[PDB]
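Enquirer: this one's experimental. Sequence and coordinates below.
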Amino acid sequence: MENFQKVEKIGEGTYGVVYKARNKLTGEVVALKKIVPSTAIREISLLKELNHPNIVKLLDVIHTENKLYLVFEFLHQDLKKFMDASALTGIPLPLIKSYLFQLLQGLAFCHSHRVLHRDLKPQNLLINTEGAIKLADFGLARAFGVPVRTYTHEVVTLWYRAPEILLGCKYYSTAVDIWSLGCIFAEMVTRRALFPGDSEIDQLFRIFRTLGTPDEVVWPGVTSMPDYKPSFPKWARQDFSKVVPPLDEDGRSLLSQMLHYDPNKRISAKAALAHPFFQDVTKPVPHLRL
Ligand SMILES: OCc1cnn2c(NCc3cccnc3)cc(-c3ccccc3)nc12
């Protein structure tokens, strides 16, 4: 740590406080995360090699005095902040499309290496002035696990959690990240969280009320899942036309696929990249006020 000078606190992560810091030597500006089981060390260490333009680079891992610091590339804003700042007019569709496309590329990369994020949310999506957006905390969930509360005791959001996780599936797949990103895509479009659940049951029921209570028809095997209850209310599915106005048909088509109940049927990142929605994708520059 003596190698870094903390400049300011840039946020509180699930695992610890994140600081903007300067390397006392190179002068390099980085994000320092203060998070140990040997299993966590190996897993995290492997993350140093999982490199992609849309994945926040893990520069170094520092384990000292039984403390763990992760040195990451620094980005100037997060998507949650950016969305709040664009509330009045919303993020232009071409930029939303570009962000989705890049995030899917980042997911496609990680998933091809059999690495899941597991906790995608606007706060871990970071953007720069060049129109890039990157995934932060990839792999940390498997390395340290996802808690119900953060180190500061703040509640870990459930809004983006896939239904299979809520239903007790122990071995969920890369499909859970596609679900989360679909929820995020909807939120960028409407300027409102799609399923802002405040408990595991509220999150589940919010999903059911919009997409319909899942059954064996749409999701073979669902009634068997650990936390499934035959007593769940049976709600009918709403039209995506009401859910994400005024997203065009291509966007709604893609969203609908990213939110398929059956994780096996849910579109993969790679297939999503080929969706017609991205036929006219461009890379606009956002207006950032740093
Ligand atoms: O992945 C490392 C990371 C790299 N940049 N970064 C940023 N940067 C944007 C920013 C924000 C505030 C001031 N200057 C810059 C925020 C968070 C974060 C962490 C936890 C919660 C929210 C944001 N994590 C990171």
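Expert: Arrived safely, thanks for sending. Numbering: from 1, shown residues only.
Enquirer: residue 234: what's it in contact with?
Expert: Counting by Cβ atoms under 8 Å, 6 or more residues apart in numbering, residue 234 touches 213, 215. All C-beta atoms are positioned from the backbone trio N, CA, C, and that covers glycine.
Enquirer: how near is it to the ligand?
Expert: Distance of residue 234 to the ligand, given as Cβ to the nearest ligand atom, to the nearest Å: 38 Å.
Enquirer: for that residue, which three-state class applies?
Expert: Recorded secondary structure, residue 234: coil (DSSP: H, G, I helix; E, B strand; the rest coil).
Enquirer: ramachandran angles for it?
Expert: Phi and psi for residue 234, reported as degrees, to the nearest 10, are phi -100, psi 100.
Enquirer: could we number from 16 for the rest of this?
Expert: I'll keep to 16 as the first residue from here, and by that count the last item is residue 249.
Enquirer: how close does it get to residue 238?
Expert: According to Cβ to Cβ, to the nearest Å, residue 249 and residue 238 sit 12 Å apart.
Enquirer: what residues are shared contacts of those two?
Expert: Residues touching both residue 249 and residue 238 (Cβ under 8 Å, 6+ apart): residue 230.
Enquirer: what's the closest non-adjacent residue to whichever residue of the stretch 166-305 of the chain sits closest to the ligand?
Expert: Nearest residue of the stretch 166-305 of the chain to the ligand, counting by Cβ to the nearest ligand atom: residue 305, 7.8 Å away. Nearest non-adjacent residue to residue 305, counting by Cβ to Cβ, 6 or more residues apart in numbering: residue 91, 5.2 Å away.
Enquirer: please determine how far that neighbour is located from the ligand.
Expert: 5 Å.
Enquirer: now do that residue against residue 37, distance only.
Expert: 15 Å.
Enquirer: again, but for residue 79
Expert: To residue 37, residue 79 is 19 Å away according to Cβ to Cβ.
Enquirer: more neighbours: the two, which one.
Expert: residue 37 (17 against 9; other Cβ atoms under 10 Å).
Enquirer: which residues touch the residue nearest to residue 17 when sequence neighbours are not counted?
Expert: Residue nearest to residue 17 in three dimensions, not counting chain neighbours: residue 39, with 7.4 Å by Cβ to Cβ, 6+ apart. Residue 39 makes contacts with 17, 18, 19, 20, as judged by Cβ under 8 Å, 6+ apart.
Enquirer: and residue 23, helix, strand or coil?
Expert: strand.
Enquirer: so it makes contact with residue 32?
Expert: No: contact between residue 23 and residue 32 fails when scored by Cβ atoms under 8 Å: they sit 10.9 Å apart.
Enquirer: look at these two and report which has more neighbours.
Expert: Between residue 23 and residue 32, residue 32 has the larger neighbour count (other Cβ under 10 Å), namely 17 against 7.
Enquirer: those residues of the stretch 116-265 of the chain touching the ligand, which are they?
Expert: Proximity of the stretch 116-265 of the chain to the ligand (Cβ under 6 Å from any ligand atom) is limited to residues 138, 141, 151.
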